[PDB]
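Everything below concerns the one structure shown next.
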Amino acid sequence: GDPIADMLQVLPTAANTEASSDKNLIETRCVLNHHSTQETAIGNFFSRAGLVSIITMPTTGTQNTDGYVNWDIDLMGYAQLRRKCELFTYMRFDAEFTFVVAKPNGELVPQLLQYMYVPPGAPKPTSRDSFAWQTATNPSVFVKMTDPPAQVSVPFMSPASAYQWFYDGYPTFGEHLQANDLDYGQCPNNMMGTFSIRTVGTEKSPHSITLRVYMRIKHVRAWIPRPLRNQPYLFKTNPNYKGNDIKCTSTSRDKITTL
Amino acid sequence: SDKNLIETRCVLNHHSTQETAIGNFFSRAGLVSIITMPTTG
Amino acid sequence: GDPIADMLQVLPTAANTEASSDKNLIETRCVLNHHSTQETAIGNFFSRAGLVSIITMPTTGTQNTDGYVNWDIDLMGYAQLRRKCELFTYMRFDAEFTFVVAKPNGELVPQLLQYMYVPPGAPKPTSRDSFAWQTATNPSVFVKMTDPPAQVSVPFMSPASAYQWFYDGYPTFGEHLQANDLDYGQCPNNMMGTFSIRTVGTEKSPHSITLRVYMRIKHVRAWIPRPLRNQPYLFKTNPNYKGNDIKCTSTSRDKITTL
Ligand SMILES: CCCCCCCCCCCCCCCCCC(=O)O
Ligand SMILES: CCCCCCCCCCCCCCCCCC(=O)O
Ligand SMILES: [Cl-]
Ligand SMILES: [Cl-]
Ligand SMILES: [K+]
Ligand SMILES: [K+]
């Protein structure tokens with residue numbers, strides 16, 4: 001008939017000890033161990049809001065003095081949350097963003113603000129009065145600095161199945177000449193666009209404004225553990241480290257025989 | 001029609017069409033008026 | 001269960017004619033036609049012995065004057081059998097070889113002869129007395145010129161499934177420089193070795209000897225008909241033709257309107 005023949009790892013509580021791997025090298029007693037493992041579930045480890053951005057709109061100075069700012073969404077500028085995330089290679093999750101806004105010294109004034117999510121390809125505001133603030137399709141939040149911090153849920157938005165903290169490659173084909181090495185490690189699947197903020201008015205606001213953005217990871221999944229960062233972070237988009245001062249992971253001592 | 005002009009594999013495609021329902025396309029608040037009542041002018 | 005879904009043409013007698021393709025364009029009668037098709041069966045067409053070699057061992061002259069001859073078996077030197085065979089691309093068959101031997105004028109004398117089949121790789125006789133005539137493994141026939149013609153059956157011996165009259169290629173890899181174009185069309189699967197003949201004696205025979213070899217194809221199979229040779233043959237191993245005198249396949253006449 002056929003012409004060709006060739007054609008869960010961690011349970012809810014800690015393991016008990018039975019009376020005589022401890023009970024393998026030493027004599028043991030029985031211990032009814034009911035210590036929980038829930039707090040080390042990745043969800044509890046990650047679902048804690050952490051700082052991911054500090055945006056300023058001063059009234060004086062040489063930057064963002066026009067009452068609006070387009071902040072390219074890049075969550076790798078703060079060491080604490082970054083190191084936790086980088087314990088894994090890939091992570092998938094929804095996120096809760098909270099916007100804590102105040103003047104530079106922490107005082108609050110009755111000032112109306114608008115935060116708009118500008119996905120990749122949507123036109124960015126070019127002034128406090130730009131037509132883009134009409135926000136007929138993009139999601140916007142109007143809130144006062146005297147209101148409690150604004151807060152919204154952002155779903156998992158990557159074109160890929162998970163965000164990836166490490167992408168060993170280039171975004172496109174071509175020669176990869178020295179002049180473009182900045183391309184290395186750049187994963188467009190993590191590029192979520194712009195976050196735009198403005199004081200709501202055609203006239204300039206007399207208040208300097210500082211916005212602290214916190215992100216809380218939720219409904220998280222993680223894949224492929226990796227060694228934890230042991231050198232200070234230098235740049236947002238690469239793992240460069242200071243070659244002249246390579247830190248040892250552990251503190252030192254004089255002799256291997258004395259504490 | 002791919003599987004008509006080229007040889008295809010089976011793809012169990014579960015991509016949702018909900019976000020393009022006109023309700024989701026339109027039910028987003030947008031600016032329709034700016035009214036001013038200045039004290040001078 | 002499966003992760004990937006994508007993974008006889010001519011009868012014994014001539015057709016009859018039925019009373020009304022003749023009976024399609026003209027009115028016909030019934031003809032009970034019992035004309036046989038047997039004589040055109042390839043076996044009857046081919047199983048007729050034909051000349052394939054004429055070997056001479058003169059006593060005087062400048063060739064084969066030592067009472068022995070090593071004849072490289074190449075059956076394409078005689079036009080009649082060659083053209084019939086070349087009607088096909090591949091042919092498989094056994095063969096009956098008959099050896100008609102006499103002096104140059106047809107007279108017969110009491111002379112003992114030996115014919116030995118020397119397959120490719122067997123040592124060839126280098127004299128009338130060579131050790132190879134011991135013929136301890138090769139097949140030999142000892143016969144007198146006064147006996148009836150010697151005759152033997154040779155089986156189908158090619159390493160391939162059929163002999164091939166046309167091989168569009170080269171026997172080996174390599175550059176194929178102009179100096180070696182003789183290689184083109186050479187099929188080793190048809191190369192059956194050597195046919196060796198000698199007068200049986202350490203002393204020279206006073207008789208000039210002419211051997212005519214006839215081959216009768218039998219138990220034949222043939223594949224892929226091709227246009228029949230329409231130019232005189234020039235060489236044994238290629239279809240070269242005389243370019244300055246290309247023969248028309250049909251005779252000519254003065255006008256297309258008169259016979
Ligand atoms: C209406 C106001 C809401 C706007 C909130 C800002 C939304 C920003 C997009 C959220 C993307 C979260 C995934 C981040 C993946 C990390 C990318 C990176 O920094 O390399
Ligand atoms: C004992 C004496 C018997 C020797 C008889 C000669 C045998 C020659 C070998 C027969 C081979 C027949 C196949 C020929 C195929 C055609 C090859 C060619 O000429 O291109
Ligand atoms: Cl507006
Ligand atoms: Cl001998
Ligand atoms: K237990
Ligand atoms: K018939």
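Identifiers in this document derive from the order of the structure tokens: chains are assigned A, B, ..., residues are numbered from 1 separately in each chain, and ligands are numbered from 1 in order of occurrence.
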
Which residues form the shell of 10 Å around ligand 5 when you count only C-alpha atoms and all ligand atoms, given as a PyMOL selection string? chain A and resi 11-17+31-36

Just-selected residues, C-alpha atoms written as a compact mmCIF listing (two decimals), in the first residue's frame:
# COMPACT_ATOMS: atom_id res chain seq x y z
CA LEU A 11 3.43 23.15 46.39
CA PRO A 12 1.36 25.42 48.77
CA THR A 13 3.57 24.58 51.82
CA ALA A 14 7.18 23.57 52.62
CA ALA A 15 8.10 19.87 52.52
CA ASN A 16 7.84 18.02 55.83
CA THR A 17 10.76 16.26 57.45
CA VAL A 31 8.41 18.01 61.50
CA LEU A 32 4.92 18.84 60.30
CA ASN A 33 6.02 21.88 58.24
CA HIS A 34 3.13 24.07 57.06
CA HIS A 35 5.17 27.11 55.98
CA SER A 36 3.50 28.73 52.94

Using only C-alpha atoms, which protein or nucleic acid residues come within 12 Å of residue 202 in chain A? Drop anything in the same chain fewer than 3 positions from it, and give the result as a PyMOL selection string. (chain A and resi 66-68+127-130+133+198-199+205) or (chain B and resi 34+36)

Write the selection just made, keeping N, CA and C atoms, as a PDB file, in the first residue's frame?
ATOM      1  N   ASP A  66       6.967  74.432  27.813  1.00  0.00           N
ATOM      2  CA  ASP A  66       5.743  74.785  27.088  1.00  0.00           C
ATOM      3  C   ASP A  66       4.473  74.096  27.560  1.00  0.00           C
ATOM      4  N   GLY A  67       4.499  73.548  28.771  1.00  0.00           N
ATOM      5  CA  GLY A  67       3.303  72.919  29.295  1.00  0.00           C
ATOM      6  C   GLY A  67       2.868  71.601  28.686  1.00  0.00           C
ATOM      7  N   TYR A  68       3.766  70.918  27.981  1.00  0.00           N
ATOM      8  CA  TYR A  68       3.426  69.600  27.451  1.00  0.00           C
ATOM      9  C   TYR A  68       4.703  68.802  27.286  1.00  0.00           C
ATOM     10  N   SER A 127       2.386  70.795  20.601  1.00  0.00           N
ATOM     11  CA  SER A 127       2.192  71.994  21.390  1.00  0.00           C
ATOM     12  C   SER A 127       1.101  71.703  22.397  1.00  0.00           C
ATOM     13  N   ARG A 128       0.906  72.628  23.318  1.00  0.00           N
ATOM     14  CA  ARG A 128      -0.107  72.468  24.341  1.00  0.00           C
ATOM     15  C   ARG A 128      -1.503  72.505  23.700  1.00  0.00           C
ATOM     16  N   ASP A 129      -1.586  73.071  22.501  1.00  0.00           N
ATOM     17  CA  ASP A 129      -2.848  73.219  21.775  1.00  0.00           C
ATOM     18  C   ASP A 129      -3.038  72.311  20.570  1.00  0.00           C
ATOM     19  N   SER A 130      -2.078  71.437  20.278  1.00  0.00           N
ATOM     20  CA  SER A 130      -2.159  70.543  19.115  1.00  0.00           C
ATOM     21  C   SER A 130      -3.527  69.862  18.955  1.00  0.00           C
ATOM     22  N   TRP A 133      -4.731  66.609  20.883  1.00  0.00           N
ATOM     23  CA  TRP A 133      -5.367  66.554  22.204  1.00  0.00           C
ATOM     24  C   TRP A 133      -6.884  66.364  22.112  1.00  0.00           C
ATOM     25  N   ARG A 198      -0.035  67.275  29.338  1.00  0.00           N
ATOM     26  CA  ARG A 198      -0.076  68.728  29.191  1.00  0.00           C
ATOM     27  C   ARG A 198      -0.928  69.358  30.276  1.00  0.00           C
ATOM     28  N   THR A 199      -0.728  70.654  30.504  1.00  0.00           N
ATOM     29  CA  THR A 199      -1.593  71.380  31.431  1.00  0.00           C
ATOM     30  C   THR A 199      -2.719  71.763  30.453  1.00  0.00           C
ATOM     31  N   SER A 205       0.494  77.678  32.112  1.00  0.00           N
ATOM     32  CA  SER A 205       0.280  77.516  33.540  1.00  0.00           C
ATOM     33  C   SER A 205       1.477  78.066  34.302  1.00  0.00           C
TER      34      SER A 205
ATOM     35  N   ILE B  34     -15.421  73.805  22.227  1.00  0.00           N
ATOM     36  CA  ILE B  34     -14.629  74.566  23.180  1.00  0.00           C
ATOM     37  C   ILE B  34     -15.372  75.891  23.313  1.00  0.00           C
ATOM     38  N   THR B  36     -15.837  79.512  25.331  1.00  0.00           N
ATOM     39  CA  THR B  36     -15.142  80.442  26.217  1.00  0.00           C
ATOM     40  C   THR B  36     -16.014  81.598  26.695  1.00  0.00           C
TER      41      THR B  36
END

Using only C-alpha atoms and all ligand atoms, which protein or nucleic acid residues are at most 9 Å from ligand 2, as a VMD selection string? chain C and resid 52 72 to 77 92 to 99 114 to 119 138 to 142 150 to 158 163 to 165 186 to 197 213 215 217 236 to 237

Restricted to C-alpha atoms, what would the selected residues look like written as a CSV table (one decimal), in the first residue's frame?
chain,number,residue,atom,x,y,z
C,52,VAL,CA,28.4,-7.0,-35.1
C,72,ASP,CA,37.1,-4.4,-27.3
C,73,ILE,CA,33.4,-5.4,-27.3
C,74,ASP,CA,31.6,-2.5,-29.1
C,75,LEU,CA,28.5,-3.5,-31.1
C,76,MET,CA,27.9,-0.2,-32.9
C,77,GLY,CA,30.1,-0.7,-36.0
C,92,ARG,CA,17.4,-5.1,-21.9
C,93,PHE,CA,18.2,-8.5,-23.3
C,94,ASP,CA,20.2,-11.7,-23.3
C,95,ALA,CA,22.2,-12.4,-26.5
C,96,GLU,CA,23.2,-15.4,-28.5
C,97,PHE,CA,26.6,-14.9,-30.2
C,98,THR,CA,27.6,-17.1,-33.2
C,99,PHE,CA,31.2,-17.2,-34.5
C,114,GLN,CA,40.2,-20.3,-28.6
C,115,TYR,CA,37.7,-17.5,-27.9
C,116,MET,CA,37.8,-16.1,-24.4
C,117,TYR,CA,35.4,-13.7,-22.7
C,118,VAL,CA,37.5,-11.3,-20.7
C,119,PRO,CA,35.2,-9.2,-18.4
C,138,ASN,CA,36.9,-16.7,-17.6
C,139,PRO,CA,34.7,-18.6,-20.0
C,140,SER,CA,36.5,-19.9,-23.1
C,141,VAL,CA,35.4,-21.8,-26.2
C,142,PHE,CA,37.9,-24.1,-28.0
C,150,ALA,CA,30.6,-21.8,-32.3
C,151,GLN,CA,27.7,-20.4,-30.4
C,152,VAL,CA,27.0,-19.3,-26.8
C,153,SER,CA,24.4,-17.4,-24.7
C,154,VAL,CA,25.5,-14.3,-22.9
C,155,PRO,CA,23.1,-13.0,-20.1
C,156,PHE,CA,22.2,-9.3,-19.5
C,157,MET,CA,25.4,-8.0,-17.8
C,158,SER,CA,25.0,-4.4,-17.2
C,163,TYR,CA,21.8,-1.1,-21.8
C,164,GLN,CA,21.4,2.5,-23.1
C,165,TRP,CA,22.1,3.6,-26.6
C,186,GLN,CA,30.2,7.5,-22.8
C,187,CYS,CA,28.2,5.1,-20.6
C,188,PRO,CA,30.3,2.7,-18.7
C,189,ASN,CA,27.2,0.5,-18.0
C,190,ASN,CA,27.4,-0.7,-21.6
C,191,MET,CA,31.1,-1.5,-21.5
C,192,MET,CA,31.3,-5.3,-21.4
C,193,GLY,CA,35.0,-5.7,-21.6
C,194,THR,CA,37.1,-7.7,-24.1
C,195,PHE,CA,36.7,-10.6,-26.5
C,196,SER,CA,40.0,-12.4,-27.0
C,197,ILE,CA,40.8,-14.8,-29.8
C,213,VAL,CA,30.6,-12.4,-35.0
C,215,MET,CA,24.5,-11.4,-32.3
C,217,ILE,CA,19.0,-10.4,-29.3
C,236,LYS,CA,30.7,4.1,-33.1
C,237,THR,CA,30.3,6.2,-30.0

Residues near residue 12 in chain B, anyone? I mean within 12 Å using only C-alpha atoms, not counting same-chain ones fewer than 4 positions away, as a ChimeraX atom specification. /C:3-5

Interface residues on chain A facing chain B, 7 Å, only C-alpha atoms, written as a PyMOL selection string: chain A and resi 134-137

Restrict the selected residues to N, CA, C and O atoms and save them as a PDB file, in the first residue's frame.
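Saved to part24.pdb:
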ATOM      1  N   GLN A 134      -7.440  66.442  20.904  1.00  0.00           N
ATOM      2  CA  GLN A 134      -8.875  66.220  20.699  1.00  0.00           C
ATOM      3  C   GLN A 134      -9.172  64.799  21.166  1.00  0.00           C
ATOM      4  O   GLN A 134     -10.302  64.464  21.502  1.00  0.00           O
ATOM      5  N   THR A 135      -8.132  63.969  21.126  1.00  0.00           N
ATOM      6  CA  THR A 135      -8.163  62.582  21.574  1.00  0.00           C
ATOM      7  C   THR A 135      -9.438  61.785  21.241  1.00  0.00           C
ATOM      8  O   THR A 135      -9.961  61.040  22.077  1.00  0.00           O
ATOM      9  N   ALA A 136      -9.916  61.914  20.009  1.00  0.00           N
ATOM     10  CA  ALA A 136     -11.137  61.225  19.586  1.00  0.00           C
ATOM     11  C   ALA A 136     -11.025  59.703  19.508  1.00  0.00           C
ATOM     12  O   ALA A 136     -12.039  59.004  19.425  1.00  0.00           O
ATOM     13  N   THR A 137      -9.808  59.178  19.508  1.00  0.00           N
ATOM     14  CA  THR A 137      -9.646  57.727  19.464  1.00  0.00           C
ATOM     15  C   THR A 137      -8.677  57.251  20.536  1.00  0.00           C
ATOM     16  O   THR A 137      -8.938  56.256  21.198  1.00  0.00           O
TER      17      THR A 137
END

Quick one: everything within 12 Å of residue 172 in chain C, counting only C-alpha atoms, minus sequence neighbours fewer than 3 positions away in the same chain. Send it as a PDB file with C-alpha atoms, in the first residue's frame.
ATOM      1  CA  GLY C 169      26.185  13.073 -19.854  1.00  0.00           C
ATOM      2  CA  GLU C 175      36.101  20.163 -15.378  1.00  0.00           C
ATOM      3  CA  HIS C 176      35.037  19.108 -18.823  1.00  0.00           C
ATOM      4  CA  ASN C 180      38.313  15.599 -23.072  1.00  0.00           C
ATOM      5  CA  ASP C 183      33.998  11.586 -22.687  1.00  0.00           C
ATOM      6  CA  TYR C 184      30.612  12.994 -23.609  1.00  0.00           C
ATOM      7  CA  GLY C 185      28.007  10.303 -24.112  1.00  0.00           C
ATOM      8  CA  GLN C 186      30.224   7.492 -22.770  1.00  0.00           C
ATOM      9  CA  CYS C 187      28.185   5.140 -20.580  1.00  0.00           C
ATOM     10  CA  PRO C 188      30.331   2.658 -18.665  1.00  0.00           C
TER      11      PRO C 188
END
